[PDB]
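As you go down the protein sequences, you meet chains A and B in turn. Convert by adding 40 to the 1-based position in the first sequence; the result is the number in full-length UniProt numbering. Convert by adding 30 to the 1-based position in the second sequence; the result is the number in full-length UniProt numbering. Worksheet for the structure shown next.
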Amino acid sequence: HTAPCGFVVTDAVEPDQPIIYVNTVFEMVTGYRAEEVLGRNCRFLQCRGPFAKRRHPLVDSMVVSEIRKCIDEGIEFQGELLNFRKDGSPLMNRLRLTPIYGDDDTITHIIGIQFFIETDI
Amino acid sequence: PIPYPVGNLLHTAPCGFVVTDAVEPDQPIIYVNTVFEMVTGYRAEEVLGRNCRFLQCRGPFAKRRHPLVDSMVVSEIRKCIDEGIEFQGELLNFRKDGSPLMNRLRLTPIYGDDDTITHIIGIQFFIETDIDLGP
Ligand SMILES: Cc1cc2nc3c(=O)[nH]c(=O)nc-3n(C[C@H](O)[C@H](O)[C@H](O)COP(=O)(O)O)c2cc1C
Ligand SMILES: Cc1cc2nc3c(=O)[nH]c(=O)nc-3n(C[C@H](O)[C@H](O)[C@H](O)COP(=O)(O)O)c2cc1C
C-alpha cells in the first residue's frame with residue numbers, strides 16, 4: 041500500500057534547491073531521515089554515505105551535468121545515476137525532475153521522482 | 031539502539047502526489063499520498079483503481095464532471111497524457127464533502143525500460159480560489 045518511488049520537493053527560490061520535503065520511501069530506501077536531509081541539496085546522495093566528502097567517481101558526471109542544465113533552464117529531466125544509502129551501499133536511481141510554476145509563471149519548486157533499482161559491490 | 035521512525039515530517043508535505051499506471055487502460059490510480067487524502071477528503075482505498083477525473087464531480091454521488099470545471103483545460107490534459115508529455119494548469123476539483131478545490135496540477139510521464147511510458151505522476155498544489163457555490 042506504498043508509493044512506488046521516492047518523492048523530493050526542493051525550493052527553487054532559495055539558492056541551491058534545498059530540500060523542503062522527502063517522502064517515506066525516500067527515507068526507507070536511502071536510509072536517511074527527513075530531519076537530516078531537510079535544507080540540504082540532494083547531491084549528498086552521490087557521496088558514499090555521510091562521511092564521504094566528494095562525489096564518487098562512478099557517479100555519471102555527464103548525467104549530473106544534464107541535470108544541472110535542466111534545473112537551470114527550467115525543464116524536465118530523466119536519467120539514471122549511481123547514488124548511495126546512508127550506509128554507503130550503492131543504489132541505481134532512475135530520476136525524473138519536473139518544475140512547478142507558481143502564480144508568477146516563475147518556478148517555485150522542483151519535484152524529483154526516484155525509481156530506485158538494485159545492487160552490486 | 032532504538033529505531034528512528036520514518037515520516038516524522040509528513041505534516042510538511044506541500045502537495046498531493048498521485049501515481050497512475052500508464053499501461054493499464056484509462057490511467058488507473060495505483061497510489062495517492064496523505065496530503066491528497068486529507069485535502070480531497072477521499073481516502074486511498076476508495077480512489078485506487080479509478081481514474082482521477084472523479085475529482086471533477088461534485089462529491090461522490092455525482093456521476094459526471096461538474097459544469098463549472100473548465101472543459102478546455104480538461105481537454106488539454108487529455109491531449110498531454112495521450113501525447114506522453116508533461117502538463118501544468120489549474121482545474122476546479124471538489125472535496126468529498128462537495129466544496130470547491132482549486133487544483134494547480136502538474137503531470138509528468140515516467141519512461142521506463144523500452145523508452146515507453148510506465149507511469150504518470152500527478153503533483154497537486156491546492157491553491158486558493160474565490161469560487162464559491164453558495165450555501
Ligand atoms: C528536486 C530535486 C531532486 C533531486 N534528486 C536527486 C537525487 O535523488 N540524486 C542525485 O544524485 N541528485 C538529485 N538531484 C540533483 C542535485 O541536487 C544537483 O542538482 C545535481 O547534483 C547537479 O548539480 P551539481 O553539479 O551542483 O552537483 C535532485 C535535484 C532536484 C532539484
Ligand atoms: C497521474 C495523474 C493525476 C491526475 N490528477 C488529477 C487531479 O488531481 N484532478 C483532476 O481533475 N484530474 C486529474 N487527472 C486527470 C484525469 O484523470 C483525466 O486525465 C482528465 O480529466 C482528462 O481526461 P478525460 O477528459 O478523459 O476525463 C490526473 C491524471 C493523471 C494521469
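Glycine included, each C-beta is placed from N, C-alpha and C at the ideal position.
It is roughly 13 Å from the alpha-carbon of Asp-143 of chain A to the alpha-carbon of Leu-135 of chain B. The Cβ atoms of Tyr-141 of chain A and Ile-147 of chain A lie closer than 7 Å to each other.
Counting the other Cβ atoms within 10 Å of the Cβ of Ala-43 of chain B gives 16 or more, which makes it buried. Put simply, the CB of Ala-52 of chain A is far from chain B, with every gap to its CB atoms at 7 Å or more. For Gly-71 of chain B, the Cβ stays outside the 6 Å cut-off from all heavy atoms of ligand 2. Between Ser-101 of chain A and the set A:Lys-93, A:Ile-115, A:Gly-119 and A:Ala-92, the nearest pair of CA atoms involves A:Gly-119. Between the alpha carbons of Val-49 of chain A and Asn-63 of chain B lies a gap of roughly 14 Å.
By the Cβ rule, the segment 75 to 94 of chain A does not count as touching the segment 78 to 91 of chain B, because fewer than three pairs are nearer than 8 Å. Within the same chain, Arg-125 come within 6 Å of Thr-70 of chain A by CB-CB distance, once the 5 residues on both sides are set aside.
In this structure, DSSP gives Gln-154 of chain A an extended state, which the three-state scheme calls strand.
Within the segment 117 to 136 of chain B, contact with chain A at the beta-carbon level (separation under 9 Å) is assigned to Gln-118, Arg-134 and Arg-136. Interface with chain A (7 Å Cβ-Cβ cutoff): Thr-159 of chain B is excluded.
Against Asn-81 of chain B, chain A offers no close residue; the least beta-carbon distance is about 18 Å (beta-carbon pairs closer than 8 Å). Taken atom to atom, the span from the alpha-carbon of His-96 of chain A to that of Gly-128 of chain A is near 11 Å. Those residues placing their Cβ nearer than 6 Å to any heavy atom of ligand 2 are, following chain order, B:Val-48, B:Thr-50, B:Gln-57, B:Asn-81, B:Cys-82, B:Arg-83, B:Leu-85, B:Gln-86, B:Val-104, B:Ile-107, B:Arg-108, B:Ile-111, B:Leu-121, B:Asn-123, B:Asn-133, B:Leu-135, B:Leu-137, B:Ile-150, B:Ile-151, B:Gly-152 and B:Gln-154.
DSSP, read as helix, strand or coil, puts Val-104 of chain A in helix.
The residue from B:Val-36, B:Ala-52, B:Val-103 and B:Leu-163 with its alpha-carbon nearest to that of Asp-112 of chain B is B:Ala-52. C-alpha of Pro-58 of chain B to C-alpha of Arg-94 of chain A: approximately 42 Å in a straight line. Nearest to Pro-35 of chain B by alpha-carbon distance, out of A:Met-68, A:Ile-60 and A:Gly-46, is A:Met-68.
Counting only residues of its own chain and dropping the five nearest sequence neighbours on each side, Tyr-72 of chain B has a CB closer than 6 Å to the CB of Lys-126. From the listed residues B:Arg-88, B:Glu-75, B:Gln-154 and B:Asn-123, the smallest Cα separation to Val-65 of chain B is found for B:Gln-154.
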